[PDB]
Each structure stands twice: as C-alpha cells, then as structure tokens.
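For reference, the chain that follows is the form deposited in one PDB entry, supplied as structure tokens.
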C-alpha cells in the first residue's frame, strides 16, 4: 500500500567495513524490489550523530538506490539508538521532506549491539517498528530481549535476529515473499 518506510542503520565503530556494506546492499535490494510501488523511502545512518542520507523527497526525485547511497560514509563512532529513533520520528517523517499524510509509517532499524545512550522512544511509538539485530551480541534470549523496547509488538514478529551480516541475504529472500 501507501507506505513511507525509513531505514535507520548502525554505523558505529563495532561494525566491520564488509558488515556495513552488507547493510547498504540489503537496503538497495529492498528498494529495488519495491520500485514502481506506492512505497517511498528514506535512510538515516546513526552512530554518535544522526545523518539523513536521503529524505523521501530525494527518493521521489531519483528512485535510484545506487545514486541515493553512493556517498554514504561509515561514521565509526558510538551507537546512540535512542537519539537516532527520536531523530527519525521528529526530523524525517515530515511533509516538508516528502512524507505523505495518509501513508503508513514504517521504520526498519538495523544494528549489531545495545544502544550506548538512554531515554525513551515515546515519540516514535505509533510507527510500525522492526529491528534487525545481527551478530555475536545477540546469541542468547537475554541479550536479544534488549532490542524489544525498540520494536512494535509482538517481538516474535518485529524483532529479527541474524547470527551474521551474511544472513541479511537470507532475510531479504524471506521478506521478498511477504510482498503482496
């Protein structure tokens, strides 16, 4: 349907270069698949700070995932996930930046660890929120639970755990199908 979807992706120092690249490729795969639909996309990299890599209006103008992401630079700092989610809620979903009043808001968060900051994400709560937690830091039920606070309910649907960044490929294949 009419979906305004934002990727919020981790660019902290704990991600290896190849891992950060797998994230970019995942986002391109998704966008390529949903070309020529009612989907609109935006992407934000977060680390210590929050960098909008492209807004919805950027997407409407070009609709080319390669061009939209070509200058992305890995920030290699902290993992301020609380600040990042609030940033998306208030700074990215705006009509002035191409967001649509009647579109469903979706936020896809991709990270390798726990947030380095703190607070709440009240402002983003109405958004449909998936979080993809990847790698060695999420190998136990207890470590995986730390992500639930960022996601819609139930966690069994909205929190995805991958053992490696190579599994983003497999996740895309699975997601591809859910497309009606």
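Numbering follows the first chain given and starts at 1.
Just so it is clear, the following notes concern the form solved in complex with a partner chain, a form of the same protein that is not shown.
Any non-hydrogen atom of residue 125 within 4.5 angstroms of the partner chain in the deposited bound form: No, residue 125 is distant from the partner.
Touches the partner chain in the deposited bound form: residue 61 (any heavy atom, 4.5 Å): Contact check for residue 61: no, nothing within 4.5 Å of the partner chain in the deposited bound form.
The partner chain contact at residue 52 in the deposited bound form, heavy atom, 4.5 Å: No, residue 52 stays farther than 4.5 Å from the partner chain in the deposited bound form.
Heavy atom of residue 78 within 4.5 Å of the partner chain in the deposited bound form: Close contact exists here: in the deposited bound form, residue 78 approaches the partner chain to within 4.5 Å, heavy atoms only.
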